[PDB]
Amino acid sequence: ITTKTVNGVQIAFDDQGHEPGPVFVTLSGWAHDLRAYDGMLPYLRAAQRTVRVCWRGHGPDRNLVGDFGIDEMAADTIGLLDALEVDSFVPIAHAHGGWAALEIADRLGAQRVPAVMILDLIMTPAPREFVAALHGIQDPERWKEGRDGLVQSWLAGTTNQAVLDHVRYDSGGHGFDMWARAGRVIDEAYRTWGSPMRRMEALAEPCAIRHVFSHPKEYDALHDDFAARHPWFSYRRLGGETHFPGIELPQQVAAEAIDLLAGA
């Protein structure tokens, strides 16, 4: 694991592979790091240069950082990719990392970012149960309750050892400060855009987006309708038990990313 100072903050990352073409850039969700992509990584790096990126405050340095959100996540990873002289690249973002993935796509254009894959991101407007949990993890006294309740629904009774180990053992060293911030940023993201589908339609020059998921349940039909209206959009339900398709089904998700890049 290596680090750079980007925008005055410490960004940890991983740089593997030398195949030519667009670079895979992995972006995790809130309160976990590039180990979310340990399963996919052998397949990704065999295919393309692969850069796994941590968010600010998520690297080995677990000091509390200044408050930040989606605009900073985007500017940090862009500044990192500029420093690494990465040209065109394809973000792979887990759940609400997709908000930053889309902000990055929107900032650089379709030629510098020709595709984006998103993993298990709520595509409807935010359910009220969700918003309720986004406020419970902002609760100093009961943020742990909120997390366990989010986690338990993310697992959905799974037996997949990789997903179990990642949630139980591989996301330590975070607390109220980061979980409350995730509550703040995810809540404000739905409040501002309505939904990530609305977020996508606001892209001036939409690149190729693919949403890969196992958890929403409502509707694939909302996806069919979105794909039928926008040729740049695709999607695939994976059939996994969990909220973590990249960890539960790493080869299949990698195959999807390699497919998405091939098309674009």
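Start at 1 with the first residue shown and count on from there.
Novice: Can you say how many deposited residues have no coordinates in the span between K217 and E218, choosing none, 1 to 3, 4 to 9, or 10 or more?
Specialist: In the deposited sequence, 1 to 3 residues between these two have no coordinates.
Novice: Averaging the C-alpha B factors as listed in the entry, name the stretch that ends up higher: 122 to 130 or 92 to 100.
Specialist: Comparing averages over the C-alpha atoms only gives 122 to 130.
Novice: Tell me which stretch, 175 to 183 or 161 to 169, has the higher mean Cα B-factor listed in the entry.
Specialist: Stretch with the higher mean C-alpha B-factor: 161 to 169.
Novice: Between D61, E201, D67, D38, which one tops the list for C-alpha B-factor in the PDB entry?
Specialist: Within the set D61, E201, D67, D38, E201 shows the top C-alpha B-factor.
Novice: Highest Cα temperature factor in the entry, among the options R210, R56, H223, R49: which one is it?
Specialist: Among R210, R56, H223, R49, the highest C-alpha B-factor in the entry belongs to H223.
Novice: By the record's CA B-factor, is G136 among the lowest, middle or highest third of residues in the chain?
Specialist: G136: CA B-factor falls in the middle third of its chain.
Novice: Looking at the C-alpha B-factor of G240, is it in the lowest, middle or highest third of its chain?
Specialist: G240: CA B-factor falls in the highest third of its chain.
Novice: Which third, lowest, middle or highest, does the CA B-factor of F233 fall in along this chain?
Specialist: Answer is middle: the recorded C-alpha B-factor places it there.
Novice: Lowest, middle or highest third: where is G21 by C-alpha B factor in its chain?
Specialist: Within its chain, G21 is a highest-third residue by C-alpha B-factor, going by the deposited values.
Novice: What third of the chain, by the recorded C-alpha B-factor, contains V151?
Specialist: Tercile = highest for this residue's CA B-factor.
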